[PDB]
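The structure appears below as structure tokens.
For the numbers below, each heavy atom of this structure counts, side chains included, while hydrogens, waters and symmetry mates do not. Chain identifiers are assigned alphabetically (A, B, ...) following the order of the sequence lines, protein sequences preceding nucleic acid strands; residue numbering begins at 1 within each chain.
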There are 4 protein chains.
Amino acid sequence: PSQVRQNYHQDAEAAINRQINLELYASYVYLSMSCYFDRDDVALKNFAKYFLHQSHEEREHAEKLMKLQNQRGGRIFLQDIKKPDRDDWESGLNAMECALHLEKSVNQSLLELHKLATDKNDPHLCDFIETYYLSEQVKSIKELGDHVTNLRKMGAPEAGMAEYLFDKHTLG
Amino acid sequence: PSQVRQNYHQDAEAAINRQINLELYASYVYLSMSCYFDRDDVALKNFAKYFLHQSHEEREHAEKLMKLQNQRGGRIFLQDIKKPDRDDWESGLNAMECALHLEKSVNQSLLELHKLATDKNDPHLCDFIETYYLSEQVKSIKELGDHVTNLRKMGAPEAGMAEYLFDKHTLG
Amino acid sequence: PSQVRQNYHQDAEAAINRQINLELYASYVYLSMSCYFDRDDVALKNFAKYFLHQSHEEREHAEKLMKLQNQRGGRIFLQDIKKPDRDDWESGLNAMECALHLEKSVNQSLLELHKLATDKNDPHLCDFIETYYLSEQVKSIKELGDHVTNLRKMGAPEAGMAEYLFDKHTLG
Amino acid sequence: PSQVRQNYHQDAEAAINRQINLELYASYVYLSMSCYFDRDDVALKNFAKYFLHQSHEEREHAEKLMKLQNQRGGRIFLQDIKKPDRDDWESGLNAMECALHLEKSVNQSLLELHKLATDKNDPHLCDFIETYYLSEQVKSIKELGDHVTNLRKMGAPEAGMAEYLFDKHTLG
Ligand SMILES: [Fe+3]
Ligand SMILES: [Zn+2]
Ligand SMILES: [Zn+2]
Ligand SMILES: [Zn+2]
Ligand SMILES: [Zn+2]
């Protein structure tokens, strides 16, 4: 074993590697969304900015898990980052709904990771997940839900001014 | 009697205790409204902020009446703060209309208190009510009426963009 | 269910609503204590200030739980805020002892909430309680115990100068 | 009549002259108290300072009434300022109790003046009394009551350290 390794189960190590991949995947999905809003036939700059920010944040989440893996004496094993499910995200509202779904899926994975850490009596890992991941996920999910609610109420995407004005007022 | 008490009728003391309860109740109603607008399926942050501010102001109004009670040598007797009449405030417009109704009810109570103070020849209490309560109430009522008027004209709540844009432009 | 809701048991939602009420109740108790010390026949300004501060802090605790409820997709249901058990708090020492009792009761409720969150495998809620509530409660309880100890040792309330000097030196 | 006089009853003019004398008398009483605490066999400097401040404030109250008299076109008629009832004020507590009595007597006179102004339909005079006199009196009375309460509780004057420590902590 690594000279630093202590109370770090092989199953936790494997789950952290899976979580790294999932965060990198989420980063890629958000990058895809960002570049959709930069298309000349979509042209919502603040939607593009919002999703690019989310992409960079997910990369940071992945890098922090890589740091944790090494700190605990685990070994990072990278896998392919799969392409996102869509090229065309159809609308600001649809992208926000897809983002909400993604964030909930990431949250579910983190909750499973916390359950594993609890089962293996790894309080450092539990604390790490709680401190750096779980509260962030809840905040992100609430924000996306709020955005979805507002866009729906405004009449997006059928009401032509809705996404435009949301881009200016909420995301600007 | 309290060593400080002078020209302070028992009926005024009792009416001040009732007014304290009413201000605390109003504070609670506004708190309820504020947290409705923070729901993920409502998500109007500036409505939430507006009503939270009103909640805190009503608490301050109650505390100032408690200070008056002690200053005059009366004794504060607290009562239960009843829960607001609604959990779900339905819309920004409806909340503003309910707030207007509440503020007018508080104003009516203050006018009755001023009448009592006048009848008991208590000019200090009359002046206190006039100086710190009556002008504030008139200002609040006018503001809420203005908000109701604008929301109605904009087409709230049926017009989906109305509350959103009012939240941004008037309450932002 | 709310679009944001994930891993949030109905029993936790209900327990959070109960905790909101308890924090609002504690706020009201402290407000009662504060206004007792402002009486002309008590006249301990720093006791009054201390308890008013505690009242405002408890309100903030309640508001933070309301924010949590909405963040997790629960629904706030408010109840009556019952009046405190006493109008007359008798002495600085007695008020501090009653405050200690209250803070321990709030702590017990929070520990029961944490146990529920643990049983329902809700690490976000566990973390929230730990991070924002449990350490604060322990600190508050220790502080009140220290105050009680000092007031008792000084001879309060029989020793007339004790509460006066404690008001100046400890609470001033 | 004076070219400026309007809605200013001769009875109000006379009552203002009486009030001027009473404020000057109160100023003199407080001056007497102040110089008692400066005696080498009393030697409570902050009691002396407190009462000297009150003396100067009462003079200002008198001067403001003189200004009002002239503003309304009344004519100031001064009378003798009677000496205070005591040369020796016996103790800090006794002086505070005598001050409380004096302030309540001044307040009673002001309430009678307000009643007269009300009866003569002189809203400017009513407002003047309310704005500049009544709230000040209530504040002064509450403060003196608080001081009396604290001195009594501390054991003044029999408890030798009470007035000394009150002089340092409350009046210092
Ligand atoms: Fe001392
Ligand atoms: Zn992430
Ligand atoms: Zn109010
Ligand atoms: Zn609390
Ligand atoms: Zn005066």
key: Contact check, side chains of C:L65 and C:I76, non-hydrogen atoms, under 4.5 Å   = no
Side chain to side chain contact (heavy atoms under 4.5 Å, CB included) assessment of C:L125 paired with C:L68: CA-CA 9 Å; C:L125 180 55; C:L68 178 286; 4.2 Å; yes
Which atoms of D:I141 come close to chain C, meaning under 4.5 Å heavy atom to heavy atom: side chain ones, backbone ones, both, or neither?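 Looking at D:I141, nothing touches chain C.
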Open item on the list: Please find the pair of heavy atoms, one from D:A15 and one from D:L116, that lie closest to each other, and give the distance.
Closed with: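 Minimum heavy-atom contact is CB-CD2, 3.7 Å.
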Heavy-atom nearest pair, C:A48 first then C:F37, reads N-CB, 3.6 Å
Can you tell me how far the CD1 atom of C:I129 sits from the CG atom of C:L110, to the nearest 0.5 Å?
->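 Interatomic distance, C:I129 CD1 to C:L110 CG, rounded to 0.5 Å: 7.0 Å.
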What residues form a side-chain contact (heavy atoms from CB on, under 4.5 Å) with C:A159, not counting sequence neighbours?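 So C:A159 forms a side-chain contact (heavy atoms from CB on, under 4.5 Å) with C:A162.
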Report the donor-acceptor contacts between chain C and chain D below 3.5 Å as a table, one pair per row.
{"unit_1": "C:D38", "atom_1": "O", "unit_2": "D:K142", "atom_2": "NZ", "d": "2.9"}
{"unit_1": "C:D40", "atom_1": "O", "unit_2": "D:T149", "atom_2": "OG1", "d": "2.6"}
{"unit_1": "C:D41", "atom_1": "O", "unit_2": "D:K153", "atom_2": "NZ", "d": "3.3"}
{"unit_1": "C:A43", "atom_1": "O", "unit_2": "D:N150", "atom_2": "ND2", "d": "2.8"}
{"unit_1": "C:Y164", "atom_1": "OH", "unit_2": "D:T170", "atom_2": "N", "d": "3.4"}
{"unit_1": "C:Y164", "atom_1": "OH", "unit_2": "D:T170", "atom_2": "OG1", "d": "2.6"}
{"unit_1": "C:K168", "atom_1": "NZ", "unit_2": "D:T170", "atom_2": "OG1", "d": "3.2"}

